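Below you'll find the structure, written out as structure tokens, and then a few comments.
All Cβ positions, even for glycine, are placed from backbone atoms using ideal geometry, and neighbour counts span all protein chains on display. Nothing in this text is a laboratory measurement; each read-out follows from the coordinates by a stated rule.
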Amino acid sequence: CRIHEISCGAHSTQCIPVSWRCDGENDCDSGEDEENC
Amino acid sequence: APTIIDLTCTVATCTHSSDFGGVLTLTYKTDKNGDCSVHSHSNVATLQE
Ligand SMILES: [Ca+2]
């Protein structure tokens with residue numbers, strides 16, 4: 001994806017910007033961003 | 001910046017009051033996720049976010 005984007009795991013193709021991570025909301029399909037933060 | 005095409009607006013409920021007694025929803029088609037700066041161009045209503 002884009003340099004300023006990260007995928008919600010290798011098993012999913014959904015990409016979210018870097019600021020989306022650890023914002024306190026389950027942005028990904030099952031909240032992978034908040035996992036291990 | 002994500003591009004927005006074919007956006008429509010409908011209002012679920014509205015009640016004129018000092019509080020934010022009114023909620024609207026927007027439907028759209030985009031290509032990548034992200035954030036946008038949302039604004040209301042008239043003073044007859046004022047948004048919150
Ligand atoms: Ca997050």
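Annotation: of all residues in the range A:24-34 being more than 11 Å from chain B (Cβ to nearest Cβ) and either surrounded by 12 or more Cβ atoms within 10 Å (Cβ to Cβ) or small (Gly, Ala, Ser) (or both), the one that is farthest from the ligand (Cβ to nearest atom) is A:30.
Among the conditions (1) touching a residue at least 24 places away in the same chain (Cβ under 8 Å); (2) out of contact with any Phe, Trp or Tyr (no Cβ under 9 Å at 6 or more places or on another chain), the only one that residue B:26 does not satisfy is (1). Among all positions in the range B:11-21, there is no residue which is closer than 23 Å to residue A:17 by Cβ and either of a type in the set (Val, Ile, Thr) or in a loop (DSSP other than H, G, I, E, B) (or both). Among residues of the range B:24-38 being assigned to a loop (DSSP other than H, G, I, E, B) and exposed (fewer than 10 other Cβ atoms within 10 Å of the Cβ), the one that is farthest from the other protein chains (Cβ to nearest Cβ) is B:38.
When the range A:1-16 is examined, which residues are found to be surrounded by 12 or more Cβ atoms within 10 Å (Cβ to Cβ) and either more than 8 Å from chain B (Cβ to nearest Cβ) or near the ligand (Cβ under 10 Å from one of its atoms) (or both)?
Going through the range A:1-16, the residues surrounded by 12 or more Cβ atoms within 10 Å (Cβ to Cβ) turn out to be A:1, A:5-9, A:12, A:14-16.
Matches in the range A:1-16: A:1, A:6, A:7, A:8, A:9, A:12, A:16.
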